[PDB]
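Participant: Please find one structure pasted underneath; my questions will follow.
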Amino acid sequence: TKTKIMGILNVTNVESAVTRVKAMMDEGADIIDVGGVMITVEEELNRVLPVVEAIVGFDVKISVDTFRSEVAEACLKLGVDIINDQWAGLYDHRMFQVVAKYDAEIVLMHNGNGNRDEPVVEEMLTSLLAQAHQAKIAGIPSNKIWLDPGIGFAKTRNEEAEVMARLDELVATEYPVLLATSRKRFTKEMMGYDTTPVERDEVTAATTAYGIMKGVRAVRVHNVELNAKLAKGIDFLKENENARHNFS
Amino acid sequence: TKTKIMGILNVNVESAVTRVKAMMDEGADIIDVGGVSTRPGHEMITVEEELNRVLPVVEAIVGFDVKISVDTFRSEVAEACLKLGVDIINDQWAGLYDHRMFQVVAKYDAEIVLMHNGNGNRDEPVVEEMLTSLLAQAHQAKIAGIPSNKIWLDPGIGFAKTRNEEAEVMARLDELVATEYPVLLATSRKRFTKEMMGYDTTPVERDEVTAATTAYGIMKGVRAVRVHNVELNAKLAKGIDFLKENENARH
Ligand SMILES: Nc1nc2ncc(COP(=O)(O)OP(=O)(O)O)nc2c(=O)[nH]1
Ligand SMILES: [K+]
Ligand SMILES: [K+]
Ligand SMILES: [Mn+2]
Ligand SMILES: [Mn+2]
Ligand SMILES: [Mn+2]
C-alpha cells in the first residue's frame, strides 16, 4: 500500500559502504540499490561483490544495478533480491534465466533505440512489454517484474517531457513502476539553470510526490530521508482521500 | 502563473529584517507578519500591544521587493499597517471578529485572506459549514468593495476542528478550490502534519510532510501556501508547477 524508497549506493571502502547502508536503512530505505558500472565483467565484480557480501545479511532488500548475467548471478548466490537492469535484458538475454533461477525481482529500464520511428511512449511501452514477456517465458513471475521509464536514457529533452506528462499510461500496464529521475538532467532543467547535483534534491522530491500521485510504486533516489519523508506524507494524503471518499 | 510562497514571520526589529531578507532569498513572494493567535488557551493581547509588536517590523520591511501580509483580526491594526503600504490582510476570523475589516481592506485596495475558524461545536459536516461561512463572508467582502479575485479562502487547518474534521477537509480541498476564490493552504508544522509523521518531532522536522501537503495541495489547485520553511517549499512548489504545466501543455 506504501511507496517503496530505493536508496542509491554507487560503488565506484566496503567499511564506508556498510556505514552508509545503515545510515540509509535509518533514513527510510526499503531497497538499497548497489551499482558500479565500459569495464570488464571481472572488474565490475571486483567492485560490487565485496560490498554485496558485507551488506546482504542486513534487514533490507538489496537491488543490484547490473546488466550482465554473470554479475547478477554471483550477486544472487549471495542472497540479493532484485536485479535492476538498465538494459531490460536486452544486453544479455541470459539475465532472465539467472533471475528466474533465484526467484528474484527484476527492473526493466527503458533504454536504447534513440532514433526511434514511433513516438517515445508507444515505443517505450512496446519495448518494455516485449521485455516483460521474455522475462516471463523464462519462468519469472508476472508480479516480480518492474518497469522503469528510464529518465536520462536514449531520449531527447522533448521526449522525456512527454514521458513525464504521461506516467499514468506506464502505470496502467499494471506492472509496478519504479521512477528514477534523481539529480538527472531532467531535474537540473526543472531548476532551470546549471545547478550542482545536490541542488537537485528538492525537484527530485517533486517528481516523487507527482509520481506517487500518478501511481508509481517505487522511487530510486540519492537523498533517502527527503524522499522517504515526502513520500510518507503523500501516501498518507491519498489514503486519507480514499478513506474520506470511501474509494478503494 | 505560479504557486505563491507566503513565508511566516512571527513577532526585535533588526532580527526580523534579517529573517525577511533570507526568506526573500529562499523564494518568498509574501512575508506574513503576525503577533497574535486565535487559539483559545493562548495569550490575548491589546490592540496597542499588537501595534508595538507589529508596526515597527512592518515599517522596516514594507520597502522590500516582496509583498507584505499582516496576520490580524482587528481593523485598527490592519489600517495602521495599510497606511504603511502593506498588501494583504490575513484574517483568522474572516472578518467576523471586526466588521469594519472589509471596509478598511477595500479602502487601501488590498487583498484579504478569509480563514475558517469558530463554531467548533457545529453539528453539520465541517466542509459544508466552512463553505457556507466562507462564501457568506466573501459575499460581504465584495459588498464592501474587495474584488473577488482578491478574496482568498483558507480552510483554517488547526482551528476549531477535530482531527476527524481536519482529515475530512484535506481530502476535499478541491471543493474549496471549486469556489473560484484563490485558495491559501496553511498547514505548516501544525498538528495535522504531526499526525502525518505518526510520531512526535520538534517543529522543524515536520517540514517534509508540510512540503507533501504543498505538493498535494498544488495538485488540488490551491494558489498559495503559508509556510515556515520557504526554501524547501518554494523549490518543491516550483517542481510541481512545472510538472503540472508540462502535463497540461502536453494534453
Ligand atoms: N490565514 C491563516 N492564518 C494563520 N495564522 C496563524 C496560524 C497558526 O498560528 P500559530 O499556532 O501561532 O503558528 P504560526 O503563526 O507559526 O502559523 N494559522 C493560520 C492559518 O492556518 N491560516
Ligand atoms: K537483506
Ligand atoms: K513591499
Ligand atoms: Mn493523459
Ligand atoms: Mn503566528
Ligand atoms: Mn472528491
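Per Swiss-Prot, chain B residues shown: 2-12, 25-264, in order.
Here the Cβ of each residue, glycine as well, is placed from N, Cα and C on the backbone.
Swiss-Prot lists B:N11 with the feature Mg(2+) binding site. If you look up Swiss-Prot, you'll see B:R52, B:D84, B:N103, B:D167, B:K203, B:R239, B:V240, B:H241 marked as (7,8-dihydropterin-6-yl)methyl diphosphate binding site, on the strength of a large-scale study or a structure entry.
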Participant: May I ask for the distance between B:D167 ((7,8-dihydropterin-6-yl)methyl diphosphate binding site) and B:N11 (Mg(2+) binding site), taken between their Cα atoms and rounded to an integer number of Å?
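Facilitator: The separation of the Cα atoms works out to 19 Å.
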Participant: Quick check on the binding-site residues B:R52, B:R239, B:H241: which one has the highest count of other Cβ atoms within 10 Å of its Cβ?
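Facilitator: Highest number of other Cβ atoms within 10 Å: B:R239.
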Participant: Measuring Cα to Cα, how far is B:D84 ((7,8-dihydropterin-6-yl)methyl diphosphate binding site) from B:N11 (Mg(2+) binding site) in Å?
Facilitator: 9
Participant: How long is the line from the C-alpha of B:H241 ((7,8-dihydropterin-6-yl)methyl diphosphate binding site) to the C-alpha of the residue listed as 'Mg(2+) binding site', rounded to the nearest angstrom?
Facilitator: 10
Participant: Across the 12-residue unmodelled segment, how far is the Cα of B:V12 from the Cα of B:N25, in Å?
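Facilitator: Both gap-flanking Cα atoms are 8 Å from one another.
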Participant: Restricting to the record's (7,8-dihydropterin-6-yl)methyl diphosphate-binding residues (B:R52, B:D84, B:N103, B:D167, B:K203, B:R239, B:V240, B:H241), give me the longest CA-CA distance in Å as a whole number.
Facilitator: 19
Participant: Relative to the Cβ position of B:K203 ((7,8-dihydropterin-6-yl)methyl diphosphate binding site), how many further Cβ atoms are located within 10 Å?
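Facilitator: 18, counting other Cβ atoms within 10 Å of B:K203 ((7,8-dihydropterin-6-yl)methyl diphosphate binding site).
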Participant: Between B:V240 ((7,8-dihydropterin-6-yl)methyl diphosphate binding site) and B:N11 (Mg(2+) binding site), what is the CA-CA distance rounded to a whole number of Å?
Facilitator: 12
Participant: Sequence gap of 6 or more, C-beta under 8 Å: which same-chain residues meet both conditions with respect to the residue listed as 'Mg(2+) binding site'?
Facilitator: B:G47, B:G48
